[PDB]
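Chemist: coordinates only, no sequence provided:
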DNA sequence: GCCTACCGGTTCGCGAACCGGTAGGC
DNA sequence: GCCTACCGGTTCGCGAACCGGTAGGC
Ligand SMILES: C[C@@H]1Cc2cc(F)cc(C(N)=O)c2O1
Ligand SMILES: [Zn+2]
Ligand SMILES: [Zn+2]
């Protein structure tokens, strides 16, 4: 990391490191019962100590010049151990009672709608606002990159909570994981106590947070880099970083009428809170997504299905394709385990865009997902391994798009019929879900841009 | 936990928030707990007991609102209770309990300042260590646990976390660590404890124990 | 969280005093 | 042969000063 500007000597003297270990650590401590939720940043520029309650004006600091450079190591490693409990070097860290825990820090030639697409998916201040509702620390998280091993442990703590919640474990067991999580990931609750992770959807909410938070740091990783040479334009630099060939499907096109039909037709009767309005249609072609999908063009039963996600995620979804949840993450929220989920209805998928009356525009996908021999399920069931010969899973719903009006498209079955009753009604799903447990089975075809019309 | 706090001045150093003069040592003083601007933690705003009631604060029921009320001396509790404002068997057991509650309050206080007269802090520290007790930080708190130890008994370790239980207002709270991340939350009015064993070194133990002290359990507020 | 007045425990500084060696007087 | 006024040097006694660990304050 760089120098903390609270010292006032940020662009004057560099932060020091002895060969490998950088003399700079950001500690944290939270006790849900007491309500304390604090930070403690230590640095060696001069020694600098910062402390207070995370996400508020509560706190103070002490910049202090040393007599010498060897006295700095003495003052630094002493202050460190006094606060954290451990020595500066260690094989594995161990938390100590009421001591702190250290956090692991690390002229454009394109169409106007395509420029707006980059404008929409690379505005990171919009992604910052998106995290404000989650209560993630807004102050130093953009400059302070939280480690990958750290976030995996944060995922692991969430998965431990769901396990603890499922079999009604002790309050202390839950208290620990709630403490552990908020220590590991600094939250901003202001002057009130961190809430206990006791619910089934509270872990899901914090699981979704980590998924979104990750994609913002990924969006930064794309934006920060490349070759800054005076030749290409700023928007073109970010376009090439997406690693995809995006084209604008004209409204006069015959295939464009099919999508607008697929949008208009497959709106849910129950999801009457909003009304869609297709602003644009983009034909999308990822880098080498056809090379990996070649195997599954042999596979039968290929369907063109909807998949919605936050506008923040589309920065990463274009660059890496659709990805399955990590193995450390919790299975909560998912109906049939971790995998890429799809819907035959635009509305059901459109809810995952997370739009409001203030933020109207939203992005939804259409991918040629090779379902193949399907494993049909009625009730929710967390699966680990698929049955033999099955390449996908299907959640059977009450309403299904008319199978006698299934139009084809480039050798892909598009179920754009209106809703009718299904074959079986002993299910706990209202609409269909299509699940693939392999990132190769999906092949993204179209990216849409949708305006939502509410009534308030 | 509580908003307010009352105790005898642990030092004649702290100033009074209203009048800004030094609150003298061992004097009745009251506080209001506020959020410290300098660090993540509550801090007491100490007032002179006289000055506390002119700022405009009106504690309806001190015993349930103010912290450290039960630890005060019996006659001093009544001063707070009055100044805050400005059937046969039922009333008998009610009245006779308050008789036994005073009996227990000023029994410990007689025992407390008896040890303060005769014993130094190091003697009281080594008293607790001999009885396998955690030595607390603070002068007042040391003889508070020694007096608790002698009258009722040497507190046995906790059931799960193996820590030290401590009397706090209305119950014995566990102060140990169930884990490194979290504190233990065991609480009880009837804790486990063996008998208090004073070492041979006590030429005034016959004088202190001669103050009509028989076997009895901790009595609590209603 | 960090600052600092307070506590006990030891050292330090300096003048009184103790003391032995001595040279001028008778 | 004593006595004794004078001087250099060691000890002794006691209050000032020093100091590290810490309970209380904000
Ligand atoms: C992962 C969730 C579950 C789910 C079901 C579904 F039918 C569609 C979606 C989606 N992202 O459009 C979806 O996202
Ligand atoms: Zn006052
Ligand atoms: Zn315990």
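Modeler: Sure thing, it's come through. Numbering: from 1, shown residues only, chains lettered A, B, ... in the order given. Ligands and ions are numbered 1, 2, ... in the order given.
Chemist: contacts for stretch A:54-70, please.
Modeler: When contacts are defined by Cβ atoms under 8 Å, 6 or more residues apart in numbering or on different chains, stretch A:54-70 is touched by residues A:6-9, A:28, A:37-39, A:46-53, A:72, A:75, A:137-139, A:186-191, B:35-40. Backbone N, C-alpha and C define where each C-beta goes, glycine included.
Chemist: please see if it touches DNA strand D.
Modeler: No - using Cβ under 7 Å from any atom of the strand, stretch A:54-70 never reaches DNA strand D; the gap is at least 9.8 Å.
Chemist: spatially, what comes nearest to residue 24 if we skip its sequence neighbours?
Modeler: Went with chain A since none was named. Spatial nearest neighbour of residue A:24, excluding adjacent residues (Cβ to Cβ, 6 or more residues apart in numbering or on different chains): residue A:43 at 4.7 Å.
Chemist: switch to chain B, please.
Modeler: According to Cβ to Cβ, 6+ apart, the nearest residue to residue B:24 is residue B:12 (4.5 Å).
Chemist: and for that neighbour, the neighbour number?
Modeler: Around residue B:12 sit 11 other residues, with neighbours defined as other Cβ atoms under 10 Å in any protein chain shown.
Chemist: any idea how far the residue of chain B found nearest ligand 1 lies from residue A:173?
Modeler: With Cβ to the nearest ligand atom, the shortest gap between chain B and ligand 1 falls at residue B:181, namely 31.7 Å. Between residue B:181 and residue A:173 the distance, using Cβ to Cβ, to the nearest Å, works out to 11 Å.
Chemist: could you do residue B:88 as well?
Modeler: Separation of residue B:88 from residue A:173 (Cβ to Cβ): 50 Å.
Chemist: out of those two, which sits in the busier spot?
Modeler: Regarding residue B:88 and residue A:173, a neighbour count based on other Cβ under 10 Å identifies residue A:173 as having more, with 18 against 6.
Chemist: endpoints of stretch A:348-359, how far apart?
Modeler: One end of stretch A:348-359 sits 19 Å from the other (Cα to Cα, to the nearest Å).
Chemist: any idea what the residue nearest to residue A:24 is bridged to?
Modeler: With DSSP bridges applied, residue A:43 shows beta-bridge pairing to residue A:24, residue A:48.
Chemist: need the contact list for it.
Modeler: Residue A:43 makes contact with A:3, A:4, A:7, A:15, A:23, A:24, A:50 under the criterion Cβ under 8 Å, 6+ apart.
Chemist: can you lay out the residues you listed as TSV showing distance to DNA strand C, secondary structure and neighbour count?
Modeler: Formatted as TSV, the entries for the contacts of residue A:43 read as follows, by distance: Cβ to the nearest atom of the strand, whole Å; DSSP: H, G, I helix; E, B strand; the rest coil; neighbours: other Cβ atoms under 10 Å in any protein chain shown:
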residue	distance to DNA strand C	secondary structure	neighbour count
A:3	18	coil	19
A:4	15	coil	22
A:7	14	coil	21
A:15	18	coil	18
A:23	16	coil	19
A:24	15	strand	20
A:50	9	strand	18
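Chemist: tell me the one among those nearest to residue A:371.
Modeler: Comparing the contacts of residue A:43 against residue A:371 with Cβ to Cβ places residue A:24 closest, at 50.8 Å.
Chemist: circling back: just the contacts of stretch A:54-70 that are near ligand 1?
Modeler: Checked against ligand 1 using Cβ under 6 Å from any ligand atom, those yield no neighbours at all.
Chemist: just the closest of the contacts of residue A:43 to ligand 3, please.
Modeler: For these, the minimum distance to ligand 3 (Cβ to the ion) is 34.1 Å, reached by residue A:50.
Chemist: wait, doesn't the closest one sit right on residue A:40?
Modeler: Yes - Residue A:50 is within contact range of residue A:40, at 7.2 Å (criterion: Cβ atoms under 8 Å).
Chemist: which residue ranges of chain B form helices?
Modeler: Using DSSP state H, the helices of chain B run over B:62-65, B:74-85, B:88-118, B:121-130, B:139-151, B:205-208.
Chemist: for the nearest residue to residue A:335 once chain neighbours are set aside, give me its contacts.
Modeler: Leaving out its chain neighbours, the residue that sits closest to residue A:335 by Cβ to Cβ, 6+ apart is residue A:380, at 4.9 Å. If a contact means Cβ under 8 Å, 6+ apart, then residue A:380 has A:335, A:336, A:428 as its contacts.
Chemist: ok, now how distant is residue A:380 from residue A:334?
Modeler: In terms of Cβ to Cβ, residue A:380 sits 9 Å off from residue A:334.
Chemist: do the same with residue A:454
Modeler: Distance of residue A:454 to residue A:334, computed by Cβ to Cβ: 28 Å.
Chemist: pick out whichever of those two has more residues nearby.
Modeler: A direct count of neighbours by other Cβ under 10 Å for residue A:454 and residue A:334 places residue A:334 higher, at 17 against 11.
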